[PDB]
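These notes are about the structure you will find just below.
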Amino acid sequence: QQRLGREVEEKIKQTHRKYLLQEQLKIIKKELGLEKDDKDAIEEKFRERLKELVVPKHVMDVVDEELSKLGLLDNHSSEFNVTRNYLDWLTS
Amino acid sequence: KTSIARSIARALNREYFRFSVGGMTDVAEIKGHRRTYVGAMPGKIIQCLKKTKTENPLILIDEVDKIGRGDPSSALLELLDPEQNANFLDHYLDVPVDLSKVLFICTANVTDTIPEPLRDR
Amino acid sequence: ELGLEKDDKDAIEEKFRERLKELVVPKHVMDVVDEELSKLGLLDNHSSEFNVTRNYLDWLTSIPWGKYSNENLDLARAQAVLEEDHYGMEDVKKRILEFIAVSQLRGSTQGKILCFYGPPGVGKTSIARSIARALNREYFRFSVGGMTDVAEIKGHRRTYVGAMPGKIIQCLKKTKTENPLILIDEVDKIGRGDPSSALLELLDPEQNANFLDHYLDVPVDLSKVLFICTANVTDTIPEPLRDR
Amino acid sequence: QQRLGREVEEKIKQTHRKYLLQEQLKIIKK
Amino acid sequence: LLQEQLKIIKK
Ligand SMILES: Nc1ncnc2c1ncn2[C@@H]1O[C@H](COP(=O)(O)OP(=O)(O)O)[C@@H](O)[C@H]1O
Ligand SMILES: Nc1ncnc2c1ncn2[C@@H]1O[C@H](COP(=O)(O)OP(=O)(O)O)[C@@H](O)[C@H]1O
Ligand SMILES: [Mg+2]
Ligand SMILES: [Mg+2]
């Protein structure tokens, strides 16, 4: 009974469809990357708020410490979210 | 007592915020929560400074006599201290802020029920 | 290897290690630091475990192991600066002078726990700065008023996302000295979730010499830290705290 | 209308570069 | 500007 083999072939076809879906996702992201944000743009985004503020020395040290670790973490870590949200409050 | 607070802010051209502490029981509304906890936010005062975009707004603390128990009354001691406002500490920021320029107005219907540490400040 | 991108990130080891050159690290802390540094060298720099280890080592190498502020043992100028800021208050000034004299006799820095209680507006909170100036000790203040979370005193385990050591270790990192002056205001108005059982581990000469923090998980010697506690009335402070 | 062909070509080039980098990393590991 | 919008819509 080659029905199991036919099902395995259908699963392989589904895997090929997943590969095509990944290729299409890359194709879409190629144009979707425009007008987006990244780890380097967020640094100046936070720093421009401090331009017009008379920031005390200790707050400046804390901000520099958080920005220093900001560039080390990746864009998807939960700790990255925690520090980004902390900076969003601290620099506002 | 409540209505004059907005008129004073209009005359002084200061930003205005109304903080109804009466009936409140959660201390976290004043001093916030640590960064570790998920969904943590700073206290009410930090949001006041954030939304007013000024370090010297008019904060109206309504019904100080109706504060709850079981205790934000001790947390107010770090917020209404005539000389300790320069280093008010919020648990989310974990950074002292200078609240000495903020004009605090507190409303109370009866004097006798305010605790002595707050009544003397 | 030349075609692929390569970075000399291994310098982070001596980047951390240079902080311990002027410190006097105890053996038990140094062993943990060495094991953590060895673990860091194997983790990929993109791993979350690598970031946790890096933060742990950053906290470990920032504690001022063996650093002490140059305490002023001169009685005359210590008394003069105490009379400079506050009038009256003979008892507290006498207590501070006795503390300085005892520290001078034994030839080493001394740690003690003092509690100031009385009517509001007598100068209990303000004198902490004058005492710090007299002793040349670094000054720090945190209020336990309405304290209901133990995590402020003991911190959180580093397994959790974004854990921090807590108030005492933050103070140790900030003041960069192992003998600062701690002012714990409103000790008589501490809340419950129970932080009152955590202060007993801090305000106790018999166990504060090996204070264990949930984040660092390494004992530190707080026996030389001068603790000052402000209260409004004595009869509401917990009995174990009033005992010490 | 014709921008789709240019976008697809750019995406294919980026994917090819990424796969070449992955293959080089695998060769280096081997 | 419309060409970029058309490509974005198609994607
Ligand atoms: N001196 C005053 N002049 C004009 N209106 C007043 C005056 N005092 C109170 N009011 C009126 O009373 C209303 C409610 O007052 P409120 O601020 O609630 O008093 P309280 O703060 O004592 O409760 C307001 O809408 C206001 O118009
Ligand atoms: N003996 C004193 N001499 C001079 N000023 C004093 C004295 N006692 C209190 N003060 C003043 O009182 C103010 C606040 O005192 P504080 O330390 O808040 O008292 P408490 O600790 O009882 O709340 C300080 O700015 C200080 O100048
Ligand atoms: Mg009213
Ligand atoms: Mg005081």
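Residues 406-598, 602-652, in that order, are what chain C shows, numbered as in Swiss-Prot.
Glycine too: its Cβ is placed from the backbone N, Cα and C atoms.
Per Swiss-Prot, the features are as follows:
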- C:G523, C:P524, C:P525, C:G526, C:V527, C:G528, C:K529, C:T530: ATP binding site (BINDING)
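In the structure as shown, the Cβ atom of C:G526 (ATP binding site) sits within 10 Å of 13 other Cβ atoms.
In sequence order, C:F521, C:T638 are the same-chain residues whose CB sits within 8 A of the CB centroid of C:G523, C:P524, C:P525, C:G526, C:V527, C:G528, C:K529, C:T530, the residues recorded for ATP being left out. Of all the binding-site residues listed here (C:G523, C:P524, C:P525, C:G528), the one with the fewest other CB atoms within 10 A of its own CB is C:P524.
Proximity to chain B (Cβ-Cβ distance under 8 Å) holds for none of the binding-site residues C:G523, C:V527, C:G528, C:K529. Proximity of C:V527 (ATP binding site) to non-local residues of its own chain (separation of 6 or more, Cβ distance below 8 Å) is seen for C:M494, given in sequence order. Taking a Cβ cut-off of under 6 Å from any atom of ligand 4, none of the binding-site residues C:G523, C:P525, C:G526, C:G528 qualifies. Just so you know, the Cβ of C:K529 (ATP binding site) picks up 22 other Cβ atoms within 10 Å once every protein chain is counted. Long-range neighbours of C:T530 (ATP binding site) (same chain, six or more residues apart, CB within less than 8 Å of its CB): C:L588, C:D590, C:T638.
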